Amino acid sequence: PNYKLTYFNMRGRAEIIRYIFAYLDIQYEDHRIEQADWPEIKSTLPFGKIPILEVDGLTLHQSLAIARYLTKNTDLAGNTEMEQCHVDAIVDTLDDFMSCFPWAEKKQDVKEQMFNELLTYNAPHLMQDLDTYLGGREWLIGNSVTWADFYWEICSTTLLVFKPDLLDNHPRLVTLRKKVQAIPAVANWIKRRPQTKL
């Protein structure tokens, strides 16, 4: 099966998919577009949003729907039906927060305001909830790595760009990040991927 992933030249919402392809050792075309090219592609898409994944002439959309599809019947999914629910719940909780940021805001003063509010007021409480949820366990769900751990690592990486001191009082969440980053397939991708801010 031939895979083509289309997104902007960033980690962003597409990176979870990039991690999953790397972990499962699946070859794919990593198509990165400029904003100048986007409107022409946008107009042809059913819902006009990216990332999209083309699989055998069939265009999938929604990053987490795609991530779930790719991890289905693999070791990145939950090991029980209930664990799969916990995986989906943690990912959605993270996705809910990341989606609050006005990534596409053109007015800089309004953008900086919102980022500062979310990072200063809201982010610390999410960290507290995540840290308590993890407890003293090795991974977020179950006894082995899932794509929820991937998603945590990806979200936290972007948050740390704007607020470097986010996990100062959360050593266990730092440990989880480093374990995800230590997985060979993930480590390899982290080193070779295009180095962008977001």
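Here the rigid core means the biggest group of C-alpha atoms that line up within 1.5 Å when the two forms are laid on top of each other. Counting begins at 1, following the sequence as shown.
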Exercise. Is 57 to 65 or 39 to 47 the stretch whose C-alphas end up farther from this model in 7 other deposited structures of this protein after a rigid core fit?
Worked result: 39 to 47
For this session: State which stretch is farther from the displayed form on average in 7 other deposited structures of this protein, 111 to 119 or 86 to 94, counting RMS CA distance after fitting on the rigid core.
Result: 111 to 119
Exercise. Once you work out the mean C-alpha B-factor for both 10 to 18 and 184 to 192 from the entry, which is higher?
Worked result: 184 to 192
For this session: Determine, for stretches 100 to 108 and 121 to 129, which one has the higher mean CA B-factor as deposited.
Result: 100 to 108
Exercise. Hey, out of 154, 160, 140, 66, whose CA B-factor is highest in the deposited coordinates?
Worked result: 140
For this session: Could you say whether, by C-alpha temperature factor, residue 61 belongs to the lowest, middle or highest third of its chain?
Result: lowest
Problem set entry | Chain thirds of CA B-factor: placement of residue 38 | highest
Seminar exercise, completed: residue 165: CA B-factor among chain residues, third -> highest
Problem set entry | Where the record places residue 113 (Cα B-factor, split into thirds across the chain) | highest
For this session: Using the B-factor values recorded in the entry, state whether the Cα atom of residue 145 falls in the lowest, middle or highest third among the modelled residues of its chain.
Result: middle
